[PDB]
Amino acid sequence: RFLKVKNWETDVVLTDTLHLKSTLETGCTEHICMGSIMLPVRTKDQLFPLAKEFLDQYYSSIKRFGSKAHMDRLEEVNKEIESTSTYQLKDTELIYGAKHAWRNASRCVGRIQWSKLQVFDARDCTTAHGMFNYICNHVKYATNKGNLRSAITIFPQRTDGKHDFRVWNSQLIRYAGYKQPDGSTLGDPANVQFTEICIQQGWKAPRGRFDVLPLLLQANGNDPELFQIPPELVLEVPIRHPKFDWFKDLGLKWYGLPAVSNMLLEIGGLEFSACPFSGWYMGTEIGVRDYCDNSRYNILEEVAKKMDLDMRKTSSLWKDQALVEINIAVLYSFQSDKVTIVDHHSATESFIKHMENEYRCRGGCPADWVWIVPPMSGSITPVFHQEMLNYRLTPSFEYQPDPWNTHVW
Amino acid sequence: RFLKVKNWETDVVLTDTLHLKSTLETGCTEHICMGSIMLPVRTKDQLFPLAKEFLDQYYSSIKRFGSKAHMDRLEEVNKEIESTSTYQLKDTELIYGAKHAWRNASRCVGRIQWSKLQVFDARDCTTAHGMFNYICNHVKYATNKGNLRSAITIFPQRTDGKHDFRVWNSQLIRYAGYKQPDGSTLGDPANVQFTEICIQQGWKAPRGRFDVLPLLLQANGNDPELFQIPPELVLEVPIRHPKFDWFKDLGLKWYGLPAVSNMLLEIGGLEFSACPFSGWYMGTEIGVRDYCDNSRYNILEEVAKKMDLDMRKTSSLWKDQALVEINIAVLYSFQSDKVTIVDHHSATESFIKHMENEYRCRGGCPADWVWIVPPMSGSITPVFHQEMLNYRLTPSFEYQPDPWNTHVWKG
Ligand code: HEM
Ligand code: HEM
Ligand SMILES: Cc1cc(N)nc(C[C@@H]2CNC[C@@H]2OCCN[C@@H](C)Cc2cccc(F)c2)c1
Ligand SMILES: Cc1cc(N)nc(C[C@@H]2CNC[C@@H]2OCCN[C@@H](C)Cc2cccc(F)c2)c1
Ligand SMILES: C[C@H](O)[C@H](O)[C@H]1CNc2nc(N)[nH]c(=O)c2N1
Ligand SMILES: C[C@H](O)[C@H](O)[C@H]1CNc2nc(N)[nH]c(=O)c2N1
Ligand SMILES: [Zn+2]
């Protein structure tokens, strides 16, 4: 019930007690581990225990647990739920909640940063045009001319579930994908379905390889509307290599701002279904996953050829050699253009320091090793050798399914 | 019930029913996943059900379930248990059991090979000298002058737990490690403690960087005895690089035969505490883990120095660049000397084919993603994108603690 985690490289042992505060279910059982599975309203009765649990943790954090102001706030919230079937968070509670949802995000390697998060309260937003304005401002603030700053923008909470705010896009900034008569895919194959929905709703597609998608915004449960983010707000980086002059000839670019827009933020039982957030990239996301996944831009074969490597046998490790060069290029290009990026060595080193901080100050740190270990060079980063316990704490970010299933037009 | 797994690269979905035959616990609960935790005598009462479950599985596999031969064997084993507190496996059952423990080993990427396993029955062994001879024969057979063949040697099972056979070595072939007074290590830092034990037991250590360790063998719960494997039986490969001629002067070599000697084989409730087994290497084990782990030979810096990489910032990815060249060197060296080895691209592609076949014919394939995904270039292998279900089937191989912690010294 008190659990140990060992680092096998350093022999450092840490004791986890924080897991006893976990509430939600993992998908694992005593008989079966689902650690590698990607995907393993509320009544008046359900809501007050969730609110109380959150408010207790909040008052504890500002060292006024059990105080008159603590008790008075639970009373106020209880009265509000009984009378209105929901409640409203104070600004201080919203900021605390959002920061802790990131602190609790077990799949995030970048959580050393969790307390530096700019929270934009968009709970007064009522229309899709309002949503577009908030999102442009988020984009501009976070981008900050390349000196990226972590931010979240929080739209109104769920009510009856028929008036949801949703950003239909999976990220604020992504590239279009189109199925070709030729049979191949042009652009990002990951975005073919979404690009189609955009065209159906009226988007005039440039039909290129790196077309920034428009936002499809849903306010108050209405049908979503299309908006183009001002091109001058979307900072993009041309990819070149410090040694290979031909690398720029591939015509690769990526955008500077990673901004997740499809998750659900739960704070004290309240559900924020549109809460786009952003930080900055770890280079392997772009160089390993976006560029080299077979189902993505899939560029390994082209780079390997330009490198004149022996592609006749797998054991020459041509894929591995080209992978490294692609990742050198991504980091170099971002660094040369003064756009914030972190390499996987540096990000995982910081995460180990964050884990030790959290064990020290909080009694643990939920972490999902399958996601935390980078998709290349796993065992030469310190997280590979670090045992991690994965469990679910609230406030939380949760995946939600694409709304084009949910939505009735 | 039915559990589904998806491959996120192919959208291929598979359905697991095999997990319903899982008995043992994972370490995980509804509230906590322990998937990255490395370590998450029986009564008559507990033994006959385990025996029966195993014999039922064995007789099904031979299409004789419920036959007179099946029923007679259940009866025979039941009588043996009630009267002697244990029972003996037939040779055929032992072979079946050992093959299935491999087939069930969820951390093993090499399982496409499971049904091709040479089983050496060493249950007539009585002394450490006898163990030494069996192990020499296993090494010679498995090595096969570089054309490696999978094998396992099975010593007598546990009785009262006071008479255990154990190989104290974690692998049959490993290099010594020596902590120096200045805090540095000569040789393999993974083997410092075991090396100190060998020396205490009377081994004359050459004190070099790649000294093959002697075997330390316990028969019948007696104190272990030291034996040197004949050097002519230990195949080794000097490591060189196809394009970098200075790579040879790093002085690196490795042994060809990976042979795990510290695991416990459970078949039908019986416990084989000494069951050394061997296959062949995947290149990354040596080039990534043995050479490049910080707590092992730790050669990354020296290699990248010689490659004249920019080592001022981790973001030049010098470690990644040096890692790839070291792994090319290991594969090239083994291949050039005609010693069996498999690269991680080939091994993972074969594992996916194995797993898909297993889902079709067996209803599942337990797999531990944390271990199956290679320690370099993870996502450019198909296994990275494959959802896996981890659960425990028997027969099985299990970790057991090192014997020096538990051994009752007799003197
Ligand atoms: C400050 C720089 C940040 C870095 C370097 C970083 C790093 C990462 C990385 C590499 C991943 C895995 C991404 C993937 O493979 O899809 C991730 C996941 C995630 N992070 Fe962060 N992160 C940062 C900021 C943030 C912020 C600001 C938040 C929320 C306020 C956040 C919450 C999450 C969540 C919920 C996931 C899982 C996403 C999913 O399930 O798709 N992170 N982080
Ligand atoms: C034939 C070629 C084989 C290949 C290429 C192969 C590959 C591997 C690899 C790469 C690992 C992980 C090693 C590590 O990180 O320590 C492993 C683990 C393992 N394999 Fe295999 N394997 C082979 C044969 C065998 C055989 C013959 C057996 C037993 C009969 C076996 C049973 C196991 C077990 C029990 C583990 C887990 C070891 C532990 O927990 O320490 N494998 N295999
Ligand atoms: C089925 C499924 C479930 C789930 N929870 N997430 C996904 C999204 C899948 C999971 N890895 C690939 C795809 O996301 C890529 C976007 N993630 C990055 C931008 C997150 C990020 C990084 C750095 C900073 C930051 F703020 C956010 C899919
Ligand atoms: C705490 C702990 C638990 C556990 N189950 N295993 C270990 C052993 C740890 C696990 N990775 C490092 C150390 O094994 C090194 C040996 N592994 C190879 C030889 C297995 C193998 C490969 C190829 C063929 C073959 F037959 C066997 C440690
Ligand atoms: C099947 C497996 O769980 C899946 O491919 C995971 C593995 N680890 C990952 N890790 C990160 N950071 N992001 C991912 O998308 C994935 N994909
Ligand atoms: C902490 C973590 O579980 C541990 O370092 C694991 C990760 N994956 C591994 N995978 C393999 N094949 N072998 C290992 O020793 C390990 N070590
Ligand atoms: Zn689990």
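Going through the cross-link list A:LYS116/A:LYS140; A:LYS319/A:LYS353; A:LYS4/B:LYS4; A:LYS253/B:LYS313; A:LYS248/A:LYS319; B:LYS204/B:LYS243, which pairs have a Cα-Cα distance over 28 Å in this structure? The pairs that break the limit, which is 28 Å between Cα atoms, are A:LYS319/A:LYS353; A:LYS4/B:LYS4; B:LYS204/B:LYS243. Of the trypsin sites (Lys or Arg not before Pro) found in the stretch A:324-404, those that fall in a DSSP loop while having at most 16 other beta-carbon atoms within 10 Å are A:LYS338. Under a 5 Å amide H cut-off, with hydrogens placed 1.01 Å from N, A:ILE173 pairs with A:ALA259 among residues at least 5 apart or on other chains. The Cα-based radius of gyration of chain B, divided by its Kirkwood radius, gives an Rg/Rh of 0.98. Translational diffusion of the stretch A:207-318, estimated by Stokes-Einstein from the Kirkwood radius over alpha carbon pairs at 10 °C in a medium of 1.306 mPa s, is 91 µm² per second.
Beta bridges from DSSP with both residues in chain B: antiparallel share about 85 percent, rounded to the nearest 5. About its Cα centre, the stretch B:45-90 has a charge dipole of approximately 300 debye under the convention of +1 per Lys or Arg Cβ and -1 per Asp or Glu Cβ, with nothing else charged.
Can you list the residues of the stretch B:153-185 with backbone N under 20 Å from a point 7 Å past the Cα of B:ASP91, pointing along Cα to Cβ? Counting backbone N atoms under 20 Å from the label point, the list is B:153-157.
Place a +1 charge on the Cβ of each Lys and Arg in the protein assembly as shown and a -1 charge on the Cβ of each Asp and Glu, then give the dipole magnitude about the Cα centre in debye, rounded to the nearest 20. Numbers along the way, then the final one.
Details: 93 positive and 98 negative charges, 98 e Å.
With only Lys, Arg, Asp and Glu charged at Cβ, the dipole is about 480 debye.
Expressed to the nearest 5 percent, the antiparallel share of DSSP beta bridges inside the protein assembly as shown is 85 percent.
Along the axis of the charge dipole computed for chain A (Cβ charges of +1 for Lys and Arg, -1 for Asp and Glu, origin at the Cα centre), the listed residues A:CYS198, A:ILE352, A:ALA105 are led at the positive end by A:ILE352.
Shape analysis of the stretch A:148-251 yields a ratio of the Cα radius of gyration to the Kirkwood radius, Rg/Rh, of 1.06.
Secondary-structure-derived ellipticity at 222 nm for chain B, considering helices only, amounts to -9500 deg cm²/dmol, per-run term -39500 (n - 2.57) for DSSP H runs with n ≥ 4.
Both the radius of gyration and Dmax for the stretch A:321-376 are 14.6, 42 Å, in that order, over alpha-carbon atoms.
Please compute the average number of Cβ atoms from other chains found within 10 Å of each residue's Cβ in peptide B:361-370.
Counting Cβ atoms of other protein chains within 10 Å of each residue's Cβ and averaging gives 2.
For B:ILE37, the residues whose modelled amide H falls within less than 5 Å of its own, excluding neighbours fewer than 5 places apart on the same chain, are A:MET388.
Volume of the convex hull of the stretch B:84-199 (Cα atoms only), normalised per residue: 167 Å³. In terms of its Cα atoms, the stretch A:293-402 spans 52, 33, 31 Å along the principal axes, sorted from long to short. Restricting the stretch B:92-138 to trypsin sites (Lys or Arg not before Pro) that sit in a DSSP loop and have at most 12 other Cβ atoms within 10 Å of their own Cβ leaves B:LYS116. Applying both filters, DSSP loop and at most 13 other Cβ atoms within 10 Å, to the trypsin sites (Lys or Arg not before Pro) of the stretch B:191-300 gives B:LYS204, B:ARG207, B:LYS243.
Using a simple charge model, +1 on the beta-carbon of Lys and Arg, -1 on the beta-carbon of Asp and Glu, nothing else, what dipole does chain B show about its Cα centre, in debye to the nearest 20?
560 debye
Over the stretch B:341-411, the reciprocal of the mean inverse Cα-Cα separation, the Kirkwood hydrodynamic radius, stands at 14.7 Å. By the Stokes-Einstein formula, at 1.306 mPa s and 10 °C, the protein assembly as shown with its Kirkwood radius over alpha-carbon pairs has D equal to 54 µm²/s.
All Cβ positions, even for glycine, are placed from backbone atoms using ideal geometry, and neighbour counts span all protein chains on display. Bear in mind that the values in this text are calculations on the coordinates, not laboratory data.
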